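As structure tokens, the structure follows; a few thoughts come after it.
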Amino acid sequence: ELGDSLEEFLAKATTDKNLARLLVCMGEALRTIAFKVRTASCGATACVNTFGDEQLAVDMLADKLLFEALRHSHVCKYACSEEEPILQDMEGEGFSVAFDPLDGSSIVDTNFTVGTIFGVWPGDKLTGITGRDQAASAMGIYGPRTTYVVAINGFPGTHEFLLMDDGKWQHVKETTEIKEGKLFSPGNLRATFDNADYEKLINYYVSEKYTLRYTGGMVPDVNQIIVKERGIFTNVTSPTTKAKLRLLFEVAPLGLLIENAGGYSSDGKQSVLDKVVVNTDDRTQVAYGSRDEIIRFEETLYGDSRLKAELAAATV
Amino acid sequence: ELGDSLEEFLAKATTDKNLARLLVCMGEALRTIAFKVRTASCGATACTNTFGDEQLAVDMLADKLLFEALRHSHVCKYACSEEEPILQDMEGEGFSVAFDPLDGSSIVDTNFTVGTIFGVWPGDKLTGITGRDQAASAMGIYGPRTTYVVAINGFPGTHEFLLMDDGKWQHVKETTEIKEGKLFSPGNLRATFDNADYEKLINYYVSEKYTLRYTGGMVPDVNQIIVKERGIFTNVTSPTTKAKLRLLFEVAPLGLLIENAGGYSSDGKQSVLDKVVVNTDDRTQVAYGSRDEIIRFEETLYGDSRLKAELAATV
């Protein structure tokens, strides 16, 4: 079924009413964020709007709104934001949540799509956990449309909801397979200058006349894969460059969205969903995309693909 | 001064009340297009919404809104859309307008920023003209914010208007300088496979650790230069790749926006504003950006930069 509301969908997708309540609460925060971004005041140094009687940069505004939603749910024990990665007690029980409140906040003024990412874990820990342990993950996407993209672990597909004029979130798409195509989204392209293996990968994409779409914002750049049902996103390090992407706040949540969509993730060797978060600031390189492009990523950077070898053993 | 309405700005920017009427009418089309995109139904094959009694894909919907706005203005003789590049008589007098109704329409479903581009020429022709002859040019930008970016030829600056919640356009930025920075937006990157000059140019940017920002969509990709006051957009052809960008509907309009903002444009040899549109669907390579980036682009393609010589001949 499509065309159902987020509440109706969640009743079908999970027996866990507390997880559904948390995802509805977070949808209200996303709706409010989208409106605060839509008529923010953008200046030399920041884009701002108000939270109550105060004026706040939109990323901080988003952070407040998300903590407030988690507290209102009553089903959150700890929340952690990528802004201030200390664990905050949200005075509830059931789940702990890590979020990146506004990926792309620095380029709101340019009017490119920006977004929110969050992962939901059962229990009271946001370290010593893996992405595979998430109950759900989701993104809010603030573009010419406002969408809310959700994966419930253990229930098929990644599901897109459109914000309607009357405030409701309507189920508009389900993705269950990522196919092979000719789209690439190359993060940290500068690394090709001194990582010859990344350069070789990029050169392959260019030689095969792939389409380039990359904004530097993880939300849109990975959402496009889910929507188009094809593509490859990469973000690779070099000796001289370092890893910007956080496992807990960004990479694990997105990994669930991609893998629930029938895509694959990699850090070079393994699914990003099998990496333990040791510390909340832990960084990683990553790729997301179709099967063959992930094998290519792994073979080109590290010679051998574990994904390929994994597949060759479910075959035999 | 900022905070003024579109109408207040236009009364300061030009004495031409007919040009102002046209630009206000177009702003209302842009406001409507933004809504149609925001609420479109994106299905298996298209993103669709309503126009009167019809459901239409959003690019075609935008096309109809823009022709309707031009007819309603009473001040447009001919209009030409990139979707069907023939002249259409809008039953008015004063200006002829060329437009690209929805740049990026095929990626609406991805929720990436998309936009409208148009140029406004006095009189009755849209061929045998140059970009420099425009009265004005503008883009509508459909992102998480809805903006209308306007240049009035002969009046300083490029001017950004934000759509407020009350449905009105408010002046929020004037750009008059484009500085040097480390941002590139490389269109047609596939051409580096078999255009060694473009390959070298991209090497340069990568060697200097530039930030990449490109979504296929001329509008956001060029708008970011105006907003950040830095950067370089390029689109260069190779023997195995066509030139996709149209001079009339896209490149000349955006040239006026960039040059009014204190940047520069180039086809490799000259401002895009000096190229004659011979046929409505004529194509061109292009770059837009800061002074030094445009000099580099020209030297990369030809060894010498006509821009560099021009700037010297004045200094």
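Don't worry about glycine lacking a Cβ; one is built from the backbone with ideal geometry, like all the others, and counts go over all protein chains shown. Numbers and lists here come from the model and the stated rules, or from a named source; none is laboratory data.
Within the stretch A:80-103, work out how many residues are of a type in the set (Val, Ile, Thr) and either surrounded by 24 or more Cβ atoms within 10 Å (Cβ to Cβ) or under 19 Å from A:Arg31 (Cα atoms) (or both). Adding up the residues that qualify gives 1.
Here A:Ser106 meets the list (1) within 14 Å of another protein chain (Cβ to nearest Cβ); (2) crowded, with 21+ Cβ neighbours inside 10 Å; (3) not in a strand (DSSP E or B) almost entirely, failing just condition (2). Consider the stretch A:33-75 and keep the residues that are under 23 Å from A:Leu163 (Cα atoms) and polar (S, T, N, Q). The one that is surrounded by the most Cβ atoms within 10 Å (Cβ to Cβ) is A:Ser73.
For B:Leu212, state whether it is within 29 Å of A:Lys244 (Cβ to Cβ) and in contact (Cβ under 8 Å) with a residue 12 or more places away in the chain. It is true that B:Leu212 is within 29 Å of A:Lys244 (Cβ to Cβ) and in contact (Cβ under 8 Å) with a residue 12 or more places away in the chain. Would the stretch A:1-16 turn up any residue that is at negative phi, within 13 Å of chain B (Cβ to nearest Cβ) and surrounded by 22 or more Cβ atoms within 10 Å (Cβ to Cβ)? Looking for residues that are at negative phi, within 13 Å of chain B (Cβ to nearest Cβ) and surrounded by 22 or more Cβ atoms within 10 Å (Cβ to Cβ), one finds none in the stretch A:1-16, hence no.
Just so you know, in the stretch A:279-295 the residues that are out of contact with any helix residue (DSSP H, G or I) (no Cβ under 7 Å at 6 or more places or on another chain) and assigned to a helix (DSSP H, G or I) include one that is farthest from A:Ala252 (Cα to Cα), and it is A:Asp292.
Looking at the structure I just gave you, is B:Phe112 part of a loop (DSSP other than H, G, I, E, B), within 17 Å of A:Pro144 (Cβ to Cβ) and assigned by CATH to the domain that holds B:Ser137? Yes; evaluated as a whole, the condition is true for this residue.
Of all the listed residues (A:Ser238, A:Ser207, A:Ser290), the sole one being within 29 Å of A:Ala136 (Cα to Cα) and out of contact with any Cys (no Cβ under 7 Å at 6 or more places or on another chain) is A:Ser290. I need the full set of residues from the stretch B:17-43 which are in a helix (DSSP H, G or I), closer than 20 Å to B:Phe67 by Cβ and within 14 Å of chain A (Cβ to nearest Cβ), in order please. Within the stretch B:17-43, B:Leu30, B:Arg31, B:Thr32, B:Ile33, B:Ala34, B:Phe35, B:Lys36, B:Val37 qualify. Please go through the stretch B:219-259 and give me each residue that is in contact (Cβ under 8 Å) with a residue 40 or more places away in the chain, part of a helix (DSSP H, G or I) and within 12 Å of chain A (Cβ to nearest Cβ), ordered by number. Across the stretch B:219-259, the qualifying residues are B:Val219, B:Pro220, B:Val222, B:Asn223, B:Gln224, B:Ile225, B:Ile226, B:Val227, B:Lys228. Within the stretch A:203-218, being more than 12 Å from the chain's Cα centre (by Cα), outside any strand (DSSP E or B) and either in the same structural domain as A:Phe99 (by CATH) or of a type in the set (A, V, I, L, M) (or both) holds for one residue alone: A:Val206. Scanning the stretch A:191-209 for residues that are in contact (Cβ under 8 Å) with a residue 60 or more places away in the chain and touching a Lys or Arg at 6+ places or on another chain (Cβ under 9 Å) yields a total of 2. Note on the stretch A:201-218: among residues that are touching a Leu at 6+ places or on another chain (Cβ under 9 Å) and within 15 Å of A:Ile294 (Cα to Cα), the one that is farthest from the other protein chains (Cβ to nearest Cβ) is A:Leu201.
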